[PDB]
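# Let me start by giving you these chains from the complex, positioned as in the assembled structure:
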Amino acid sequence: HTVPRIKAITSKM
Amino acid sequence: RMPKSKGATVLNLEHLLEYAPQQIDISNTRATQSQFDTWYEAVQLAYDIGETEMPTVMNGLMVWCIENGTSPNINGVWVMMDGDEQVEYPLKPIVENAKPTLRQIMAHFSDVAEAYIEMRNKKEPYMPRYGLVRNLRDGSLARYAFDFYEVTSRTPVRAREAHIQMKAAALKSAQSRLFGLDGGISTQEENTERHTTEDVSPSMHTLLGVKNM
Amino acid sequence: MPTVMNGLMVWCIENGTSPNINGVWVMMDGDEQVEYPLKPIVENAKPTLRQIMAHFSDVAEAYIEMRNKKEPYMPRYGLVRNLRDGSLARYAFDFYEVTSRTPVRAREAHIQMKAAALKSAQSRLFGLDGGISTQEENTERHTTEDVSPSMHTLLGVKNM
Amino acid sequence: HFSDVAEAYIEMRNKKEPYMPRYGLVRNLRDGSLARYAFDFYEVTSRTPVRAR
């Protein structure tokens, strides 16, 4: 169970 | 004596004797399951995270809060431990989709948070930072020293008193303001008056009754 | 409707009967939450919702004593007031109706709880008045002959 | 005339997302629970609670 890394500005906005 | 309306009994004894809900399920100080589901979906969609690795993020979020509070004014990022690395997640989805408040949303995590703090208190002294800020002098009450603790009928009397005193000391005499500065800025009236080349001044048209000598 | 009344009585035994309660109140359907708006409950209650729910006092006390037989069930109002005695859990709701059969200790506990909850809440008879216009309507005319939008002539003015 | 349905609609939208009407944002209302009452064509009746009034 790795810990995810999110982006600054997601394209889903 | 039971409530009556037009002679007919208002209650239902058969259902009442079998109606035994959990206290935290009907409590007003905790977000409803619908609101919790909406917040969870909104956070998951905002983070662009699938169902497999969202529980890990929830694990990290619960720990972060046990330490640094659940105020409505928290901003910036919250951090997670990936081994020895810091993973920073924005705090906007967590606090902006939380209805009615983030504290009432995180009250769902209260039992697991207490269990986690009691478990961390087995291999090292682990007092949550909220308990340090309130200057709690008893380590044994470390499982009860977070701001989103949910007092239930099973909470011991000493723990309940300590939590109440901590809440009273933290809130102090904070006055609640219902309004802020109004958004309507224009306090004057629009000047519909015309301006013409015949005017004697930009502010006046003629000097009608003025008499020179 | 009696089932809904059953759920409403329980919800209140826990979360109070103030005039300012809003939102929704929940009922247990097995393991599911059923949410009912609280506006009909508090808007049609005369003179107050507390006085309406005082009719449920005996059944509420019986229900709390019955729930206190299979698990520790202190109503949330008794937790907020920090009541240190579980045996007085049947008496720890805000719509309790003190009668001549209520024991002296229960009566004293209820009175102290009410005094601690009400504190020194000042009662205001009025709020901000709804009449907003504090000025007078400007019935004065405006004409092309005016020297300014605020003045008609400059009558006595003498230039030098 | 639309006041009751408008209040019901705002309370219903306040169940799946935070929905404060823009009039309530302009007036800088700091309480979300009073979002059903924050439009300019609200019609105060005898059933409107004192705090909302």
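Cool, got the structure. Numbering: from 1, shown residues only, chains lettered A, B, ... in the order given.
# Quick check: residues of chain A near chain B?
Taking C-beta under 8 Å from any C-beta of the partner chain as the criterion, chain A approaches chain B at residues A:1-7, A:10, A:12-13. (Each C-beta comes from the backbone N, C-alpha and C, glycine too.)
# Recalculate using a threshold of 6 Å.
A:1, A:3-4, A:6, A:10, A:12 (C-beta under 6 Å from any C-beta of the partner chain).
# Highest neighbour count among the residues you listed?
Neighbour counts for the residues of chain A next to chain B were taken using other C-beta atoms under 10 Å in any protein chain shown; the highest belongs to residue A:4, which has 18 neighbours.
# which ones are touching that one?
With contact taken as C-beta atoms under 6 Å, 6 or more residues apart in numbering or on different chains, residue A:4 is in contact with B:49, B:53.
# Distance of it relative to residue B:146?
25 Å (C-beta to C-beta, to the nearest Å).
# now residue B:54
22 Å.
# Repeat that for residue B:204.
69 Å.
# Which residues of chain B lie near chain A?
Going by C-beta under 6 Å from any C-beta, the residues of chain B near chain A are B:47-49, B:53, B:56, B:80, B:82, B:87.
# Buried ones among those residues?
Neighbour counting by 16 or more other C-beta atoms under 10 Å in any protein chain shown classes B:47, B:49, B:56, B:80, B:87 among the residues of chain B next to chain A as buried.
# Can you tell me which of the residues you listed is nearest residue B:184?
Checking those against residue B:184 by C-beta to C-beta gives residue B:47 as the nearest, at 37.2 Å.
# how close does the residue lying closest to that closest one once chain neighbours are set aside sit to chain C?
By the measure of C-beta to C-beta, 6 or more residues apart in numbering or on different chains, the closest residue to residue B:47 outside its immediate chain neighbours is residue A:6, 5.4 Å from it. Using C-beta to the nearest C-beta, to the nearest Å, one obtains 31 Å as the distance from residue A:6 to chain C.
# cool, residue B:192 as well?
Taken as C-beta to the nearest C-beta, the spacing of residue B:192 relative to chain C amounts to 8 Å.
# Just give the number of residues close to residue 13.
Chain wasn't specified; assuming chain A. Residue A:13 sits with 7 neighbouring residues when counted by other C-beta under 10 Å.
# Sorry, I should have been clearer: chain B.
Using other C-beta under 10 Å as the criterion, residue B:13 is surrounded by 12 other residues.
# one more chain, chain E:
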Amino acid sequence: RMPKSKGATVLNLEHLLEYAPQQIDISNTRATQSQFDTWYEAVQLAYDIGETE
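So that you can see how it sits with the rest, here is chain E on the chains above:
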């Protein structure tokens, strides 16, 4: 009793039992490692000082 959303549990017990971060690492009253690194780099570049001294 553990948090649930649509019947599925929200937390992860297996990772939670093994999640033991340092308190100062997740604390809000201390700059993040990224911010500390950025400050250190900025100070080093401004001082025109190499890594040795």
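# again for the neighbour count of residue A:13, since chain E is there now?
Residue A:13 has 7 nearby residues by other C-beta under 10 Å.
# Could you name the specific helix or strand carrying the residue nearest to it when sequence neighbours are not counted?
Leaving aside its sequence neighbours, residue A:13 sits nearest to residue B:46 (C-beta to C-beta, 6+ apart; 7.9 Å). Residue B:46 is part of helix B:33-47 when elements are defined by DSSP states H and E.
# now for the helix or strand following that helix, which elements pack on it?
Using DSSP H and E, the helix or strand that follows helix B:33-47 in sequence is helix B:54-68. Other helices and strands packing on helix B:54-68, by 3 or more C-beta pairs under 6 Å, 6 or more residues apart in numbering or on different chains; DSSP states H and E, are helix E:13-17.
# Please work out which residue of chain A is closest to chain B.
Taking C-beta to the nearest C-beta as the measure, the point where chain A comes nearest chain B is residue A:3, at 4.1 Å.
# Does stretch B:75-92 reach chain E?
Yes. Contact between stretch B:75-92 and chain E is present through B:79, B:81, B:86 (criterion: C-beta under 6 Å from any C-beta).
# quick revisit: give the burial count for the residue nearest to residue A:13, as a bare number.
Residues near residue B:46, counting by other C-beta under 10 Å: 19.
# thinking it is in contact with residue B:93, fair?
Yes. The pair residue B:46 and residue B:93 qualifies as a contact (C-beta atoms under 6 Å) at a distance of 3.7 Å.
# so how far is stretch B:42-59 from its chain's centroid?
The chain centre lies 20 Å from the centre of stretch B:42-59; the measure is C-alpha atoms, centre = their mean, to the nearest Å.
# what about that stretch, start to end distance?
Chord length of stretch B:42-59, first to last residue, is 17 Å (C-alpha to C-alpha, to the nearest Å).
# Check stretch B:76-87 too.
Stretch B:76-87 has its terminal residues 13 Å apart, counting by C-alpha to C-alpha.
# Would you indicate which residues of it are buried?
Within stretch B:76-87, the residues scored as buried using 16+ other C-beta under 10 Å are B:78-81, B:86-87.
# Max pairwise distance over the residues you listed: which two?
Distances among these were taken as C-beta to C-beta; the most separated pair is B:78 and B:81, at 11.6 Å.
# ok, now which ones touch residue B:75?
Taking C-beta under 6 Å, 6+ apart as the test, what residue B:75 contacts is residue B:91.
# Extend the structure above with chain F:
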Amino acid sequence: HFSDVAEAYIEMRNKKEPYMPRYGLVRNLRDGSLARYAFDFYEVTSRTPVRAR
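Adding chain F to what we have so far:
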């Protein structure tokens, strides 16, 4: 229309250096944490926090 992306961009630039938009400097805003909200075309929504509003 660019308000959400502008706020996200200012919060992202506020991760590698202090980036207060010049509009926030002109208005003499004394809090850096409110740098994502300090442009004149900000669009206040129901998700904007009370302090930011």
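# since we added chain F, can you redo what packs on helix B:54-68?
Counting by 3+ C-beta pairs under 6 Å, 6+ apart, helix B:54-68 packs on helix E:13-17.
# which residue packs closest to residue B:57, ignoring adjacent ones?
Leaving aside its sequence neighbours, residue B:57 is closest to residue B:49 (6.3 Å, by C-beta to C-beta, 6+ apart).
# same thing with residue B:4?
Counting by C-beta to C-beta, 6+ apart, residue B:10 is the residue found nearest to residue B:4 once chain neighbours are left out, at 6.3 Å.
# one step back: buried ones in the helix holding residue B:46?
B:33, B:35-40, B:42-44, B:46-47.
# most centrally placed residue in chain A?
For chain A, the residue lying nearest the average C-alpha position, counting by C-alpha atoms, centre = their mean, turns out to be residue A:6 (2.0 Å).
# ok, that residue to chain E distance?
Counting by C-beta to the nearest C-beta, the gap between residue A:6 and chain E amounts to 14 Å.
# hang on, the earlier thing: what about the helix holding residue B:46 and chain F, any contact?
No. For a cut-off given as C-beta under 6 Å from any C-beta, helix B:33-47 has no contacts with chain F; the smallest distance is 9.8 Å.
# List the beta-bridge partners for the residue of chain B found nearest chain A.
Taking C-beta to the nearest C-beta as the measure, the point where chain B comes nearest chain A is residue B:82, at 4.1 Å. Applying DSSP bridges to residue B:82 gives these bridge partners: residue B:85.
# Just confirm it contacts residue A:5, I think it does.
No. Under the criterion of C-beta under 6 Å, residue B:82 makes no contact with residue A:5, lying 8.5 Å away.
# Once you drop chain neighbours, what's closest to residue A:2?
Here the residue nearest residue A:2, using C-beta to C-beta, 6+ apart, is residue B:53, at 6.7 Å.
# Give me the phi and psi angles of that neighbour.
In this entry, residue B:53 is assigned phi and psi values of phi -110, psi 20 (degrees, to the nearest 10).
# For the closest residue to residue B:62 other than its chain neighbours, grab the count of nearby residues.
If you skip the residues right next to it in sequence, residue B:62 has residue B:109 as its closest partner in space, 4.8 Å away by C-beta to C-beta, 6+ apart. Counted with other C-beta under 10 Å, the neighbours of residue B:109 add up to 25.
# Check chain A for me, the residue farthest from its geometric middle.
Residue farthest from the centre of chain A, counting by C-alpha atoms, centre = their mean, is residue A:1 at 15.7 Å.
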